[PDB]
Amino acid sequence: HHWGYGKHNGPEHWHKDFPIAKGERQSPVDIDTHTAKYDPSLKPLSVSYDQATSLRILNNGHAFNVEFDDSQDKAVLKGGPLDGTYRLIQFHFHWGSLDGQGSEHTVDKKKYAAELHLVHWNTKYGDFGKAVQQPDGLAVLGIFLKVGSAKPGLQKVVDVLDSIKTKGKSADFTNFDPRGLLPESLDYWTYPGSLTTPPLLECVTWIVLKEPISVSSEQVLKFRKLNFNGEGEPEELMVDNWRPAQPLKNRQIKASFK
Ligand SMILES: COc1ccc(C[C@@]2(O)NC(=S)NC2=O)c(OC)c1
Ligand code: NA
Ligand code: NA
Ligand SMILES: [Zn+2]
């Protein structure tokens with residue numbers, strides 16, 4: 003598989019190798035704020051990241067992943083729409099070539115400059132590979148980024164990017180606190196969906212925060228200096244690594260807030 007984001011291998015082509023691309027619960031989606039309904043059944047959301055143990059940062063040719071130690075319940079997501087306990091495994095971003103695009107989810111068709119995905123897996128399935136085979140295997144916390152003031156807690160990430168410019172490069176990335184990437188409010192929208200890249204598995208409960216975080220133009224500029232290519236290959240800047248909104252089909256988006 004040679005999928006990517008270009009004219010020749012991008013989202014419009016993915017269905018040929020991954021027919022689920024045209025499935026019934028694909029992500030991302032547009033969040034129509036007028037039609038999303040408040041749900042009183044949602045329990046309070048619990049983001050418990052005090053004991054998170056970051057390990058490494060990896061350019062995988064599609065994004066960069068900050069990976070965590072998930073060999074025990076160190077950083078977990080619970081509550082909201084979720085039954086049981088979901089362990090943080092990694093986070094990554096999707097972003098644009100320009101400040102007016104880059105997010106995967108949209109809000110009333112508005113695109114943000116970037117979107118953060120904090121990936122968690124349901125511990127009842129024992130390991131991540133088993134969890135992605137289940138309809139309730141993953142919970143992804145999605146956070147929008149807008150350009151304005153710098154986000155202090157993002158700067159350690161920005162500053163290591165020079166060391167992982169190209170596909171396959173990694174760097175030690177210990178002692179990073181993901182709490183510094185969250186907005187003040189945990190108000191959210193939730194719906195059942197999918198991974199947003201191949202293999203496009205329909206295994207995700209999406210929890211998308213309403214409040215964006217602000218990052219500086221200089222911060223997002225540094226994301227845009229990354230490369231899709233490997234070392235020694237022609238330079239292809241890592242920009243516009245987002246999938247557009249997909250059909251909602253037979254789903255409702257629930258709001259946690261009145
Ligand atoms: C086989 O397991 C995979 C494969 C790819 C992704 C990445 C991604 O498709 N999904 C989200 S979230 N954004 C993405 O880019 C993944 O994420 C948990 C899990
Ligand atoms: Na809730
Ligand atoms: Na399903
Ligand atoms: Zn993602």
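Residue numbers 3 to 125, 127 to 261, in PDB author numbering, belong to the letters of the sequence shown in order.
Even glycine gets a Cβ: it sits at the ideal position worked out from N, Cα and C.
Limits of the unbroken alpha helix (DSSP H) element including residue i
i           : result
residue 222 : 220-226
residue 131 : 131-134
residue 160 : 158-163
Inter-residue CB distance, residue i and residue j (contact presumed, cutoff 8 angstroms)
i           : j           : result
residue 153 : residue 219 : 4 angstroms
residue 216 : residue 189 : At roughly 13 angstroms, the Cβ-Cβ gap does not stay under 8 angstroms, so residue 216 and residue 189 are not in contact.
residue 3   : residue 201 : 6 angstroms
residue 223 : residue 116 : 6 angstroms
residue 27  : residue 254 : 7 angstroms
residue 44  : residue 259 : 5 angstroms
Minimum C-alpha distance to residue i - residue among the options
i           : options               : result
residue 123 : 136, 142 and 194      : 142
residue 71  : 51, 63 and 64         : 51
residue 177 : 74, 237 and 56        : 56
residue 63  : 251, 229 and 86       : 229
residue 60  : 213, 256, 95 and 30   : 95
residue 163 : 27, 151 and 174       : 174
residue 24  : 222, 247, 8 and 256   : 247
residue 169 : 259, 28, 86 and 239   : 239
residue 135 : 244, 254 and 204      : 204
residue 235 : 172, 257 and 208      : 172
residue 285 : 40, 196, 49 and 159   : Not covered by the structure: residue 285. The range shown for the chain is 3 to 261.
residue 35  : 151, 111, 221 and 148 : 111
residue 213 : 100, 44 and 33        : 33
residue 47  : 128, 78 and 147       : 78
residue 231 : 118, 181, 66 and 149  : 66
residue 73  : 41, 119, 118 and 130  : 130
residue 58  : 252, 225, 166 and 251 : 166
residue 148 : 186, 227 and 12       : 186
residue 158 : 225, 151, 128 and 138 : 225
residue 221 : 10, 41 and 150        : 150
Distance CB(residue i)-CB(residue j) smaller than 8 angstroms
i           : j           : result
residue 109 : residue 92  : no
residue 54  : residue 80  : no
residue 199 : residue 82  : no
residue 211 : residue 191 : yes
residue 206 : residue 145 : no
residue 156 : residue 125 : no
residue 257 : residue 38  : yes
residue 113 : residue 102 : yes
residue 245 : residue 98  : yes
residue 100 : residue 208 : no
residue 107 : residue 49  : no
residue 181 : residue 251 : no
Extent of the continuous beta strand (DSSP E) run through residue i
i           : result
residue 80  : 78-81
residue 175 : 173-175
residue 137 : Element bounds for residue 137: n/a, residue is neither H nor E.
residue 49  : 47-50
residue 92  : 88-97
residue 116 : 116-124
residue 192 : 191-196
residue 57  : 56-61
residue 67  : 66-70
residue 209 : 207-212
- Item | Those residues, in chain order, that have a beta-carbon closer than 6 angstroms to some heavy atom of ligand 2 | Matched residues: 44, 45, 46, 47, 82 and 259.
- Item | Any heavy atom of ligand 3 within less than 6 angstroms of residue CB: hits in chain order | The set of residues with a C-beta under 6 angstroms from any non-hydrogen atom of ligand 3 comprises 27, 138 and 205, given in chain order.
- Message: Please enumerate, following chain order, all residues with a beta carbon closer than 6 angstroms to at least one heavy atom belonging to ligand 4.
- Response: Near ligand 4, residues with a Cβ at less than 6 angstroms from any of the ligand's heavy atoms are 94, 96, 119 and 199; the list follows chain order.
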